[PDB]
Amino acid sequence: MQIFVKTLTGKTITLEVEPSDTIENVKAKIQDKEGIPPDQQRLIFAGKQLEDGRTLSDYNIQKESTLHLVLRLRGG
């Protein structure tokens, strides 16, 4: 299954996942491609933040769905 992750800058990240994948898994994949730490990532879909312990299937995220990635404000 292939899904899309849009940032606020307009950039889009393509991901290869499975309905059984946890939100934590997806965040790990986002770290592999962008280097953003999972704990700074907040994923949004159909008006709700996606919780780490739930699956894509739990949120009814099917192929070619678009999620929105927003970052927490972290001062390094």
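Here the rigid core means the biggest group of C-alpha atoms that line up within 1.5 Å when the two forms are laid on top of each other. So that there is no doubt, residue numbering starts at 1 and follows the sequence shown.
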item: Which of 9-17 and 55-63 lies farther from this form in 6 other deposited structures of this protein, as RMS of C-alpha positions after a rigid core fit; value: 9-17
item: RMS Cα shift after core superposition in 6 other deposited structures of this protein, winner of 18-26 and 64-72; value: 64-72
item: Mean Cα B-factor comparison, 66-74 or 3-11, giving the higher one as deposited; value: 3-11
item: Third of the chain's Cα B-factor distribution that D39 belongs to, per the entry; value: lowest
item: Chain-wide C-alpha B factor ranking for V17, given as lowest, middle or highest third; value: highest
